[PDB]
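[1] partial complex follows, first chain(s) only, in situ:
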Amino acid sequence: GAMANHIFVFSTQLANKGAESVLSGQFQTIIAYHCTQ
């Protein structure tokens, strides 16, 4: 589906948490994680 942007900006902290989320199975991509805050 549709997305609010074509660039999602990650700080180191945010990228690290997002990657944890994906390895957990909670999300499929760090982009999905980003969209929920």
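    Structure's in. What do you need? Numbers count the residues shown, from 1 in each chain, chains lettered A, B, ... in the order given.
[2] alpha carbons only: can I get the particular helix or strand that has residue A:21 in it in CSV?
    Applying DSSP states H and E as the criterion places residue A:21 in helix A:12-24. The C-alpha atoms that make up helix A:12-24 are tabulated as CSV, following Å, rounded to 0.1, in the frame of the first residue of the first chain:
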residue,chain,number,x,y,z
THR,A,12,21.6,5.3,15.2
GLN,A,13,19.3,4.7,18.1
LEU,A,14,16.2,4.3,16.0
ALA,A,15,18.0,2.1,13.5
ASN,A,16,19.3,-0.2,16.3
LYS,A,17,15.8,-0.5,17.8
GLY,A,18,14.1,-1.1,14.5
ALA,A,19,16.6,-3.9,13.7
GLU,A,20,15.8,-5.5,17.1
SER,A,21,12.1,-5.3,16.1
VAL,A,22,12.7,-7.1,12.8
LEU,A,23,14.9,-9.9,14.4
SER,A,24,12.1,-10.3,17.1
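[3] another chain to add, chain B:
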Amino acid sequence: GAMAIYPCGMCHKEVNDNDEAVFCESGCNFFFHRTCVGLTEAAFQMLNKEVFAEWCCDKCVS
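    Chain B now in position relative to the chains above:
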């Protein structure tokens, strides 16, 4: 072009073609060693792999 060395924004040492590195696209225009900024190996792989994703240094965030 001109022959140059691109220093890490953290440690100020050379970032070369076999370093694992990121680039701040939000303003400072510095390359950084992945290690110097605290990026996990997994976060680095996922940023690089996701075409919609972009990294930012701590100074440029605000």
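[4] the residue positioned nearest the centre of chain B bridge partners, please.
    Using Cα atoms, centre = their mean, the residue of chain B that lies closest to the mean C-alpha position is residue B:22, 2.2 Å off. For residue B:22, the beta-bridge assignment (DSSP bridges) gives partners residue B:32.
[5] so how many other residues sit close to residue 36?
    I'll assume chain A. Here the neighbour count serves as a burial measure; for residue A:36 (other Cβ atoms under 10 Å in any protein chain shown) it reads 8. Yep, even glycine has a C-beta here, placed from its N, CA and C like the rest.
[6] actually chain B
    Neighbouring residues of residue B:36 were enumerated by other Cβ under 10 Å; the total is 17.
[7] done for today, thanks.
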